[PDB]
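Scroll down for the structure; my scribbles are underneath it.
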């Protein structure tokens, strides 16, 4: 639940987190005035992904919690990528969440999730539920058909900021529906309550208070947090609780040293995201962008 134990990582584990940071950052070409061109052209950021075919990019701007992103296939790594991101600017989204009522509602309210799947006390931020709903409404069917077209391809869901919260929720939806997804989130805010947090921990790790110390070959959930980023501590409300397991960038900038990317134990950790202080909490946006690569920008 709350520990202070941290663990160092491999260069392979580092490259794995940076890969998903890059893929999550690519989601920012999907907005207006920019686009990802087929097969996968978005400036030389997409160049790190030479074996990727873009299926469909999507965007909905009518609600603050509305989502944009892309669906793509990786022919080399044999994977289906679902990258989610909040349509609206990081500032308008961060401030709304940061300085507002964060009302919780039961998760089985959302599409493709029923009472048998979730616990009764599995409560989630109502806004993030709309973020998840918007994702499905825009890409659920297309993804289901792509899953049929590539049945041996592993599904990987990623997102930064609000997109991270939507990636976690979409990730649980696939996990619960007989699929086996990889969920990598970057700077994701707190999604639900203790009931949701402990349910996700059982879903992805098999038990409560799990051992989330090692990058396993079989591990499917990763929550990437950074020094000074206030977003993974938002909402500040007591009802909100993170699931395990945190991956912490204990470095002020992008491209951190291998030694400064740590594996955090527990749902809250004083040595990691939970220990963020006032002075490390000055560059609200600045700190939210630094996840291996500077997030929120695409060629």
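Residue numbers (the entry's author numbering): 2 to 300.
Quick reminder that beta carbons are idealized off the backbone N, C-alpha and C, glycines included.
Taking the CB atoms as reference points, tell me whether residue i and residue j lie closer together than 9 Å.
| i | j | result |
| --- | --- | --- |
| residue 1 | residue 30 | As displayed, the chain neither begins before 2 nor continues past 300, which places residue 1 out of reach and without an answer. |
| residue 210 | residue 202 | yes |
| residue 180 | residue 232 | no |
| residue 133 | residue 118 | no |
| residue 281 | residue 229 | yes |
| residue 194 | residue 122 | yes |
| residue 128 | residue 65 | yes |
| residue 103 | residue 292 | no |
| residue 18 | residue 235 | no |
| residue 148 | residue 81 | yes |
| residue 170 | residue 108 | yes |
| residue 79 | residue 154 | yes |
| residue 1 | residue 299 | Lying outside 2 to 300, the shown extent of the chain, residue 1 is not represented and no answer is given. |
| residue 72 | residue 143 | yes |
| residue 7 | residue 277 | no |
| residue 222 | residue 245 | yes |
In three-state terms, what does DSSP make of residue i?
| i | result |
| --- | --- |
| residue 224 | strand |
| residue 126 | strand |
| residue 81 | strand |
| residue 265 | strand |
| residue 21 | helix |
| residue 136 | helix |
| residue 56 | strand |
| residue 42 | strand |
| residue 75 | strand |
| residue 112 | coil |
| residue 99 | helix |
| residue 92 | helix |
| residue 66 | coil |
| residue 87 | strand |
| residue 235 | coil |
| residue 188 | coil |
| residue 156 | strand |
| residue 248 | strand |
Going by beta carbon distance, what residues of the same chain come within less than 7 Å of residue i, once the five residues before and after it are set aside?
| i | result |
| --- | --- |
| residue 165 | 186, 187, 188, 189 |
| residue 91 | 162, 286, 289, 297 |
| residue 227 | 188, 250, 288, 291, 292 |
| residue 168 | 85, 158, 159, 160, 184, 186 |
| residue 199 | 209 |
| residue 255 | 291, 293, 294, 295 |
Residue i: which of the options sits nearest, CA to CA?
| i | options | result |
| --- | --- | --- |
| residue 3 | 272, 299, 146, 282 | 272 |
| residue 106 | 113, 77, 131 | 131 |
| residue 114 | 172, 216, 155, 198 | 172 |
| residue 57 | 89, 83, 259 | 83 |
| residue 160 | 141, 85, 217, 100 | 85 |
| residue 15 | 183, 264, 270 | 264 |
| residue 295 | 11, 13, 46, 42 | 46 |
| residue 243 | 149, 136, 124 | 124 |
| residue 97 | 78, 77, 126 | 126 |
| residue 51 | 70, 20, 63 | 20 |
| residue 268 | 258, 75, 253, 212 | 212 |
Are there 16 or more other CB atoms within 10 angstroms of the CB of residue i, so buried, or fewer, so exposed?
| i | result |
| --- | --- |
| residue 266 | buried |
| residue 34 | exposed |
| residue 145 | exposed |
| residue 67 | buried |
| residue 283 | exposed |
| residue 54 | exposed |
| residue 152 | exposed |
| residue 304 | Given a span of 2 to 300 for the chain in the structure shown, any question on residue 304 remains unanswerable. |
| residue 274 | buried |
| residue 260 | exposed |
| residue 136 | buried |
| residue 217 | exposed |
| residue 182 | buried |
| residue 48 | exposed |
Only counting the same chain, and skipping five residues up and downstream in sequence, which positions put a Cβ closer than 6 Å to that of residue i?
| i | result |
| --- | --- |
| residue 94 | 87, 163 |
| residue 77 | 52 |
| residue 257 | 250 |
| residue 99 | 235 |
Identify, in the order they occur along the chain, each residue of the same chain with its Cβ nearer than 8 Å to the Cβ of residue i, setting aside the five sequence neighbours on each side.
| i | result |
| --- | --- |
| residue 32 | 60, 69, 88 |
| residue 150 | none |
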